[PDB]
Amino acid sequence: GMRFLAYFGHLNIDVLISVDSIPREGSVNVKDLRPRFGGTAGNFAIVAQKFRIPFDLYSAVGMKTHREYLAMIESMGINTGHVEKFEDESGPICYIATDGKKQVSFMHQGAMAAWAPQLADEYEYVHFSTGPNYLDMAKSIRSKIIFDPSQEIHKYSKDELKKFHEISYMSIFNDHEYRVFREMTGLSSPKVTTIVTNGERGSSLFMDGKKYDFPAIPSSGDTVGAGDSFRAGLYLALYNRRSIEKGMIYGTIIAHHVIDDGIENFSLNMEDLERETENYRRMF
Amino acid sequence: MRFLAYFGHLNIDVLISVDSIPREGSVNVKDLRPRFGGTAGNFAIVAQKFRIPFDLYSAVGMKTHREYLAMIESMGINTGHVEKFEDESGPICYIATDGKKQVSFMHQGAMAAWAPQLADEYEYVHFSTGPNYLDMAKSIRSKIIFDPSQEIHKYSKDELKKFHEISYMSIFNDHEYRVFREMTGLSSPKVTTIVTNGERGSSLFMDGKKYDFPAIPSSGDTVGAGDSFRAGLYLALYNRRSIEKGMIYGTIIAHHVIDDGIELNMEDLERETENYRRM
């Protein structure tokens, strides 16, 4: 039987290393050390799971570093059957040294660089975010493909970018990545329906040769994973067979609540979401 | 009464290899691997190969040190006096390297939450790196070996002089001995003192004399060379040999670990020791 969504991304661990001053060379004392479990797949999964959106998470992790992350998401009821587990690898893991006035990130792909993804079953939607060899999978399947390259926009050639975009049902970018895309490809406007997020300011939808703007709801809190909350709202709409406008609004409202409340203490009933969505729609 | 209580770090070095360490932003990690080390760890590994009876005193955070404990336990090293903090991580050092340059981010973690208590009576107590061990040292009647190492700077002028005066022996590398003399204002030692100087060997300051022990020409991994030397020193002390014997034992064991690798018969050591004496 055909499933709803296969979602491809990273289950990244950020090791946050807080120091007074990052030196040029030599040692410095770590004031605070803590991990943050995230990445493109992880942040989506955690929010999407809270809404009971069906999805098969596709990723690759190194068991030298990712045992606790796997245990956490599995405890939330998230199926890790399509997450490749490399016993003698570490990663994806990023060591982030910070003083406030500077930041240095040491990114170890590890397991994600070792992975040869294979699409198991047939899906209505396949979301390709960060990771290896996605265009080879994209080309061969008949699913509605969402192209979401994020920080990996630079690894694709001009023809790979135009190809992946043209075969996609929708492409998603942030403001910077859209400029890089247009520039790398030579496309002035999108060939397919395209979402361009713009952090605190909101997001835009390029569709039918027109640009529709979705202003952000004022928020105050942790913005880490706000894009993934937004994507979870989009899929909530798609799952319920709602309009893309509805999906943009759902994403906007959900991103806002997760920033303000935090995903742990965040609940939201569909009745509120729907009322808030029609209010938003009438106002703009 | 037990032979030795050895205080130090069970340090995990997270070696992060990159093509170039950036001023800001990200960089891809070419190679990522752990190295289990520290003063307590490197000593414990070598000392256990010679079956020297010691009680390792340390503090580790279970968030990061479970595979380290696993390794030393599989070598037969008892971790009964290694404090195990469930909520803490560390001691752990994140070392970013590009060949030309290096940056270290040291997290004491469990070592910063440790309040050491000395359980049994010991003949020898070796205080290397960790908390201010002077409060313990003051109270005990054991033969104290003061080995401040990279933490020489944390002790005040009076603390350095005190710890040194109460010690049976003090041990330093060349840099730490300079630091020691400048902070305390002492031109020469007050108690028997060993000063190591890598490839140039080591010196024993005893009875107002300096006895030089040139190193045995080696080529290999120098990580833990000083800790191997200390294991040879305690091998002679365990077998009731003289200090001169310990210096030679240390010079030979260090050399063998550099050349032959960590992963020696007592009769072989006794003959090699005799051959060292005759140049």
Side-chain angles (χ1 to χ4, degrees), chain A residues 12-23 25-30 32-35 37 62-67 69 71 86-100 102-114 130 150-152 154-155 176, chain B residues 9 11-22 24-29 31-34 36 61-66 68 70 85-99 101-113 129 149-151 153-154:
Chain A
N12 194 61
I13 296 186
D14 285 333
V15 174
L16 307 172
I17 301 162
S18 309
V19 300
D20 281 347
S21 182
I22 300 171
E25 173 157 29
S27 64
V28 58
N29 188 248
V30 176
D32 186 78
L33 184 69
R34 64 182 70 177
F37 297 167
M63 304 300 275
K64 293 289 182 187
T65 53
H66 286 55
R67 286 177 179 277
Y69 197 166
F86 288 93
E87 192 70 11
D88 302 323
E89 290 267 1
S90 62
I93 185 147
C94 189
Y95 299 94
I96 306 173
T98 321
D99 65 21
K102 209 167 72 181
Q103 175 170 311
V104 186
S105 288
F106 305 96
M107 181 68 222
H108 175 68
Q109 296 290 338
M112 286 296 289
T130 55
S150 179
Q151 305 129 307
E152 294 179 3
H154 293 273
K155 81 186 184 175
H176 186 61
Chain B
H9 279 72
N11 178 44
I12 297 182
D13 282 342
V14 175
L15 310 181
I16 306 170
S17 303
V18 296
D19 284 332
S20 183
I21 298 182
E24 188 167 354
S26 56
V27 59
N28 187 248
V29 174
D31 188 70
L32 181 66
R33 58 183 63 190
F36 301 152
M62 304 301 273
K63 293 292 195 172
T64 52
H65 283 54
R66 288 185 155 95
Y68 198 150
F85 291 86
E86 291 287 309
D87 273 75
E88 298 286 337
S89 60
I92 184 160
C93 192
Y94 303 93
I95 308 173
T97 316
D98 64 6
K101 170 190 175 190
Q102 169 168 316
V103 177
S104 299
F105 304 97
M106 179 66 212
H107 184 66
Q108 295 297 334
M111 291 291 281
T129 54
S149 186
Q150 322 95 233
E151 300 182 352
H153 292 287
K154 84 180 192 158

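All values below come from the heavy atoms of this structure, side chains included, with hydrogens, waters and symmetry mates left out. Here is how names work: the chains are called A, B, and so on, in the same order as the sequence lines, proteins then strands, and each is numbered from 1.
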Item to check | Derivation and outcome, side-chain contact (heavy atoms from CB on, under 4.5 Å), residues A:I93 and B:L32 | outcome: CA-CA 10 Å; A:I93 185 147; B:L32 181 66; 3.8 Å; yes
dist A:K64:NZ -> B:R33:CZ (nearest 0.5 Å) comes out at 12.5 Å
Taking every heavy atom of A:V104 against every heavy atom of B:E24, the minimum-distance pair comes out as CG2-CA, 4.3 Å
To the nearest 0.5 Å, atom OG of A:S105 lies from atom CG of B:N28 at 12.0 Å
Here the gap from B:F105 atom CZ to A:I96 atom CD1, rounded to the nearest 0.5 Å, amounts to 12.0 Å
Rounded to the nearest 0.5 Å, the CD1 atom of B:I16 sits from the CE atom of A:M107 at a distance of 12.0 Å
Can you confirm whether more than 12 heavy atoms, excluding those of A:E152, are under 6.0 Å from its CD atom? yes
